[PDB]
């Protein structure tokens, strides 16, 4: 027994309520109450402390695309952990360079910056874009602007809160970092107007807004936005932290528009949910503005995380998970539309790409939480966003049989909430 096991045994926590109580007393209260206490995970399934099985339809908001506890990923983690886990980038090691080359070739970029979290990747991208704009575009000192979209989500740092339109994200956290211009998402005309400001350094966008509600933009949005940006020598920063890595049926969601972002951000399933590792990738003349001493991170690029990420990325390609997500996701949306539209009137839209799907409900006709509990009653764990946006984000490794099963279970949940209404 490891220390955490022995300490927990000592607390005599028997019921879920015992754990909830432990949360309320000792854990910062920055998350809402949970409906379950998970003890183990494997592939697309998880089990609570009572042995009840569920299908995880949140998957770390697309951090567990390879499934919980993927054997190859866990073996890569353990083998590297017995050898070397951290050197700092102050010293070299035999893993960091190779892992970056691996990523540079898979994604087609000259330089890779490894950080730890999604927020750090975003911060790093904003720093690169501002320094690039001052040094290469020669914009006046402190005048750089970055354009982003309403309802964007990229992190919880002060700079991220300073660029959010979500009240709870920014309220009472100021004063704020200046230099952001917010525009409506999926609106090329608004981007075109904002790009008239010659001090713009970058346009930072999600190919499909994640936390914003699985907001899928109109056809051509990202391609059109890239051209407008290029026309003005503005960097297009594409946040693929939630949408990349096969989640949408393509290696990158940007691929749906044949867009190669000027700066790409990856995170989440980059590690298959095993350890926090994020990446910022770009061409040499952009990324090289980060000279020695101008940026750093204690754990960024550590060898354990590099080993893990290389194995996690290989699983995506070896298990053909992009093909899997495209095939299963189309079947998911087709089955939900066929059995739910018309029959369940309070469903507003069934949308998504690949296995990044959402069912937005009308909160003035139904209580969204009822859907969430019925889903749970039927063995489906999910967490909505914005209250009314139900999300279906299972691991991509979910088998044909398990996905058929889960699909039936999800439909059964929506119809039972209707029959009950």
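Residue numbers count along the first chain shown, from 1.
- Comparing the deposited coordinates for 327-335 and 278-286, the stretch with the larger average C-alpha B-factor is 327-335.
- Looking at mean Cα B-factors across 263-271 and 204-212, the upper value is held by 204-212.
- Of the candidates 176, 154, 180, 346, the one whose C-alpha carries the top B factor in the deposited record is 346.
- When the Cα B-factors of 118, 98, 301, 219 are read from the PDB record, 219 comes out highest.
- Split the chain's modelled residues into thirds by C-alpha temperature factor. Residue 83 is in the middle one.
- When the CA B factors of the chain's modelled residues are split into thirds, the value for residue 341 lands in the highest one.
- When the modelled residues of the chain are ordered by C-alpha B-factor, residue 387 sits in the highest third.
- The deposited CA B-factor of residue 58 belongs to the middle third of values across its chain.
- The deposited CA B-factor of residue 72 belongs to the middle third of values across its chain.
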